[PDB]
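Structure assessment
Next come the chains, spelled out residue by residue.
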Amino acid sequence: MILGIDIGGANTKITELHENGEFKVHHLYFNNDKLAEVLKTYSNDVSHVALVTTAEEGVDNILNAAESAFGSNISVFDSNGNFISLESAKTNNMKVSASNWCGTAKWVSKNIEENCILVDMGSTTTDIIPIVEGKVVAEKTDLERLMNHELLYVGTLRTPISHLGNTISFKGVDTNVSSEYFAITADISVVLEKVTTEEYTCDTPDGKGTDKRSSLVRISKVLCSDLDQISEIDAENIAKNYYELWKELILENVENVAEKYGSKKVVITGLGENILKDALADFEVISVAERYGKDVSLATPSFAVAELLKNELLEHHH
Amino acid sequence: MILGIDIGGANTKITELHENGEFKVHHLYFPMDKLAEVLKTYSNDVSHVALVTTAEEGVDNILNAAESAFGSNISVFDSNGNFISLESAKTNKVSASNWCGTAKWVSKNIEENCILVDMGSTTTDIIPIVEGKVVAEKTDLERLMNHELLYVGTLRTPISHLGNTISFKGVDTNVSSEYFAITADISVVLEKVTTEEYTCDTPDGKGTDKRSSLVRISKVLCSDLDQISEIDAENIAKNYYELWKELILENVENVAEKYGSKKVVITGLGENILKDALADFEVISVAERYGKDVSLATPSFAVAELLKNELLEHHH
Ligand SMILES: [Ca+2]
């Protein structure tokens, strides 16, 4: 078996690649060694990728925990998109860190499409990186990606509503909105049924319920109102109009990156795949959730590196 | 000697209006009365204006907290624009805008046909005054729908609220949606307010100085001072300050066009930004005519004057 380990601190994902062809994606929340070792039975090679950040390096703990769980057969994914040894190479922290899109993009360029745009929308961000002739050609830093529209800050859950726009069409009139932290995209998604109530993973702006009504109450606060001054149907239209700005913002950013290299194909994945295929309907859409299943779509980084590792192996031999 | 009491929830402003016209503004803030008495001697009449709401009725909690420190010489300001007795407040209209009291004052002592523009730490009120009558909408909702309420302030406005893209090194650049920088960072960097005028907390709970603001701004573009220069981060502030002024001006133009108004009376913490953004109009600065202390506590000053003008009027 080949494992794809994606440790992101809050939630570490594991992809098991079996030789009979099937795979399994696992989710974990939270001693790390004893934990990882339970997934070590029958493992010959493991690709390790750190999706987390400098939050509270500690990269020494993950490497040591992974090494005592899987041995020396560990390949960590570089910050450049290359596999390097657990030994020395990565044991020297820096160079280990990786983005949420690098492995995924490299995996797409070699297994799904050589010329396209990878659009990965999580809960907070949307990565939009171009792939040309089998090569990932996005900028390296987030700053350079923001300047190149390869990084857009719109997610399915944690995006403040006014980030989408400081004015919105309300009752046929362009209406100014509050800047206070009252509602987020999670509220929009719940109200428009783009996500079930069980997917509202982040804390609510007010600390109240995640239900459809509570969301509408939070939305109402964007126009300094409440479910008394306005109806639930009016607050619902607020969310629908914002959903429109949401898709529109995604499209223009993707169109812009597409124009650079004439790419006409997009490959979508992540929490916001439903939203993505709605906003990018004009392009030829290749859905990861349709081709590999929803779980892979929600844990692409771990799956991508496991496949890259397994392909390099079969390639090394053959 | 008249007292203009302005209670805004947990923060209150008290104006001392002496006979000869001399005045002294007092800013009070404390966790909750007793200190209301430290200013009761040598005081006859007093006006009361509560420019705050509730947020988890609750009016008696203070009107009685004053009646015990000012007897019944208190004249509370209505939400309809007129003064009324404590009795009418106790039994009921007592709570109101941060702008009504001020507007009324402007339409009698400053100008009858204009637009009052009050930019505080968080909001900007744009209420039109026509023929001496404040003709702005009632609720906040209606005002947001009529460019009479703009949610941008001198201090606590999340930067991306001004625009989710910004011009950087000549390119349309996307920005982070995370709470990293607020308008207070812009004001301090462009010296539109003093370092000591940075009231609200800082996003990263750090210094309110120049550099500390540039550090937070850099984060709006997923960067820091090791990746971009201080001049660069400052250009980010300037460009955002532009979108800021543009946003204010557009809202003021929509209202001006509706009422043919040509004059603007600006007041509030962000007066320096207001007179800059509204340079095209005929600008009447409250801070330049009455001093900064008045532009920072206009509500309490207005009711102080209004009451006086009515007392010297009930004598006819
Ligand atoms: Ca480059």
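Residues numbered from 1 in each chain as written, not as in the entry; some residues may be left out. Chains lettered and ligands numbered in written order. Heavy atoms only, no water.

- Method of determination for the deposited model, per the PDB record: X-ray crystallography, at 2.40 Å resolution.

- Chain B carries the name Conserved archaeal protein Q6M145 in the PDB entry, which gives Methanococcus maripaludis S2 as its organism.

- Per the PDB entry, chain A is named Conserved archaeal protein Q6M145, and its organism is Methanococcus maripaludis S2.

**What about the coordination of the calcium ion?**
- The coordination sphere of the calcium ion contains the protein donors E139 of chain A (OE) and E139 of chain A (OE), at a distance range of 2.9 to 3.1 Å.
- Position of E139 of chain A relative to the elements: it lies in the loop between β9 (135-136) and α5 (142-147). (Donors = N, O, S within 2.8 Å, 3.2 Å for Na, K, Ca; no water. Helix = DSSP H or I, 4+ residues; strand = E, 2+ residues; numbered from the N terminus.)

**Side note on the sheet that holds strand β2 (residues 11-17) of chain B**
All names here are of chain B.
- Read across the open sheet, the 6 strands follow the order β3-β2-β1-β4-β5-β6; overall the sheet is mixed. Each of the sheet's edge strands pairs with one partner strand only, and the pair in question is β3 (23-29) and β6 (83-85). Going across the sheet, the axis of each strand differs from the next one's by a mean of 25 degrees, ignoring polarity.
- Where strand β4 (residues 46-50) lies against strand β5 (residues 74-77), 3 bridges are found, and the strand directions are parallel. Residue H48 lies in a different strand from β5, and its bridge partner there is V76.
- Of the strands in this sheet, β1 (2-8), β4 and β5 are in contact with helix α1 (residues 60-70), which crosses β5 at around 155 degrees.
- Across the sheet, helix α11 (residues 298-311) touches β1, β2, β3, β4, β5 and β6, and the angle it forms with β1 is around 145 degrees. (Pairing = 2+ DSSP bridges. Axes fitted to C-alpha atoms, helices over the stretch in contact; angles between N-to-C directions. Contact = heavy atoms within 4.5 Å.)

**Notes on the domain arrangement of chain A**
Residues and elements named next belong to chain A.
- When cut into domains, chain A gives domain 1 (2-98) and domain 2 (99-318).
- The interface of domain 1 with domain 2 comprises 23 residues on the first partner and 21 residues on the second.
- Contact with domain 2 buries area across many residues of domain 1, yet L17, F77 and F83 alone supply 25% of it, more than any other trio.
- Counting the contacts that link domain 1 with domain 2 gives 0 salt bridges.
- Linking domain 1 to domain 2 there are 6 residue pairs in polar contact.
- Those elements that provide at least two residues to the side of domain 1 that touches domain 2 are β1 (2-7), β2 (11-17), β3 (23-29), β4 (45-50) and β5 (74-77).
- Of the residues that constitute the side of domain 1 that touches domain 2, the class distribution is 11 nonpolar, 8 polar and 4 charged. (Domains from an automatic or database assignment. Buried area = accessible area lost by both parts, 1.4 Å probe. Salt bridge = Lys/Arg side-chain N within 4 Å of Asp/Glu carboxyl O. Polar contact = N/O pair within 3.5 Å; in protein donor to acceptor, adjacent residues only side chain to side chain. Nonpolar A, V, L, I, M, F, W, Y, C, P; charged D, E, K, R; others polar.)

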